[PDB]
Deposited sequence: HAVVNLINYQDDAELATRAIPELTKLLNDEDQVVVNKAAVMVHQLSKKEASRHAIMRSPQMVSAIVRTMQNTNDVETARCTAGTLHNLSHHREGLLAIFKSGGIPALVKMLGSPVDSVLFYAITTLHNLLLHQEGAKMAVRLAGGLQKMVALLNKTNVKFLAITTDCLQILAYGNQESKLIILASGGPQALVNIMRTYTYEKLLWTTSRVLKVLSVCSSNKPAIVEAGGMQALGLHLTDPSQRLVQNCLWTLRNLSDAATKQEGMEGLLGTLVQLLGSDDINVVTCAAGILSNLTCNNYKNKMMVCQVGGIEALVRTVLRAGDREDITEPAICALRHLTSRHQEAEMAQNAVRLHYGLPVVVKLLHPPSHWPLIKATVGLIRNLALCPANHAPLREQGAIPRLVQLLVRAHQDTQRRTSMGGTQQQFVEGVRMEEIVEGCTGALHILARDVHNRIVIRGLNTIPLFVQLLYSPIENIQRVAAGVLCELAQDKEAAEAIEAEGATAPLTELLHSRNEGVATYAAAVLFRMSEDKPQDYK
């Protein structure tokens, strides 16, 4: 009896009637047998929506919004709101200057997104993305928490969605939140949004330009376990694009300390980041040196063991540091002065894989540029193992070209051969025939270091004679006319010495 009567009073033509009928319907929604009666009525639900949608009074809105909000606390009531076309209307209400009305709408949508199938497609037609982002400037931290969590549900697995947020200026709005407020539940969800965006390749640079790197570094030592982990996955994703930002001297300090932790997911994420920000930046390379970065890193590899997802990033981080800058010398000396040479040569041997072995040969080349390391590296027994790897690669995977393993290995022996002791060892391994064969490579790089190592060994009578006996005179003459001043200068030297 009741329902059929209220439905009619909900839309006459004279408003006071509709404005006064809304107030009545609103109170019935707080009772159980009333809601059940209201839901199963395909007309009551419809009239309610068009009223909240077309009204012009405040409280009529304040009351109609509350009526739908209560209907959303249960499955049956959601399916009804859905059929009556209530979502397009709900979005419209997201522009009200009334707090109560704004704060309901958003929560009803939140519920629809979480348990009704189809909501996602719909909320996107109504255009709920530009609106939710426009609300990010309010000041109610609890309000924000609900809003940002709505952005994360819609942006997951959808690029069209990440691009609109981006196009509406989401990146330098969220970052602001992170360096202004302290509510934990807000800072957690806002990072969950930033994370999802860091995946694509267009949405990345917008974050680093705002200052997302410095704003995310702030919460690395907070009591929240989940906030510190989401912050870390995210800094690792941006890393390969922040290699030129000034004033990163602050964040680099913290990162180093974070190598010493009980959490091994915190060590792994911290490893890669230091590895990436260390690329081609003389200002970042030095700073890490001043805060004891070398000593800390050597220690990281020691406890890592055979876990190749920790060792790999770290080794690449020592490789960058021992090259191109004012402290590159100090760097090379320190790795030794901190008992690291032993473990470095151990990673060359199996269990290891190609990607890892590649980076260690590169670290070793740099380390040999310091005289004080000639004798040590030999005693650990690197030469005999370096040669062994050269062979198996020559003939032949995992993501590594075998020609790279050959160009690196040769250049390693090239620099070591600066000390007489090493030369006597290298030569006494029937290596010459192979070195001579590399002269025939179509790769100029391999030609320089091949003719280079020969230039070194040839400074000794016996050695020179054995080289000429293989027949290097033939290829060496052709390499004289190379336009590569390196491959040339070296071909003239070997011939001079063996004559």
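- Counting from residue 1 of the deposited sequence, the stretches lacking C-alpha coordinates in this chain are 1-17, 414-427, 531-538.
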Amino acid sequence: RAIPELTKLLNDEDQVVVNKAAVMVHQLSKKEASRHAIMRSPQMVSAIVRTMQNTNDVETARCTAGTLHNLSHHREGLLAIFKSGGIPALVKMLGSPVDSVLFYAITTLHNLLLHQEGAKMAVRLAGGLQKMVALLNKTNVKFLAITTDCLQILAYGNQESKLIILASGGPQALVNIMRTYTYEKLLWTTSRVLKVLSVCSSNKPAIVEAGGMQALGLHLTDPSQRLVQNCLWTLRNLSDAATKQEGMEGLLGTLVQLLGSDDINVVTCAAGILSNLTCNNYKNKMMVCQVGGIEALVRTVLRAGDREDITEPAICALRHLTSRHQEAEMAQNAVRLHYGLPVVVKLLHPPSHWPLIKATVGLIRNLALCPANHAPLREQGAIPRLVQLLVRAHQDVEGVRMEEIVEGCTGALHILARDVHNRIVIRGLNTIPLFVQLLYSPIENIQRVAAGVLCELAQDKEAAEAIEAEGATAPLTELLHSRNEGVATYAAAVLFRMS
From here on, numbers count along this sequence of modelled residues.
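The term rigid core refers to the most C-alpha atoms you can superpose between the two forms while keeping them within 1.5 Å.
- Averaged as a root mean square over residues and superposed structures in 8 other deposited structures of this protein, CA distances to the shown form are larger in 140-148; the pair compared was 310-318 and 140-148 with a core fit.
- Larger root-mean-square CA separation from the shown form, computed after a rigid core fit of the structures in 8 other deposited structures of this protein, is seen for 95-103 when 320-328 is set against 95-103.
- Compared with other deposited structures of the same protein, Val397 meets the criterion of being unmodelled in at least one third of those that resolve residues on both sides.
- The mean C-alpha temperature factor is higher for 76-84 when 76-84 and 252-260 are set side by side.
- The stretch with the higher mean CA B factor, choosing between 285-293 and 321-329, is 321-329.
- Residue set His414, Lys138, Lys346, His394: peak C-alpha B-factor at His394 (per PDB entry).
- Note on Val98, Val298, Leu218, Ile153: the highest value goes to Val98, judged by CA B factor as recorded.
- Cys370 sits in the middle third of its chain by CA B factor, as recorded in the PDB entry.
- When the modelled residues of the chain are ordered by C-alpha B-factor, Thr234 sits in the lowest third.
- Among the modelled residues of its chain, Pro351 has a C-alpha B-factor that falls in the highest third, as given in the PDB entry.
- Compared with the other modelled residues of the chain, the Cα B-factor recorded for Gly399 ranks in the highest third.
- Ranked against the other modelled residues of its chain, the C-alpha B-factor of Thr243 as given in the entry falls in the middle third.
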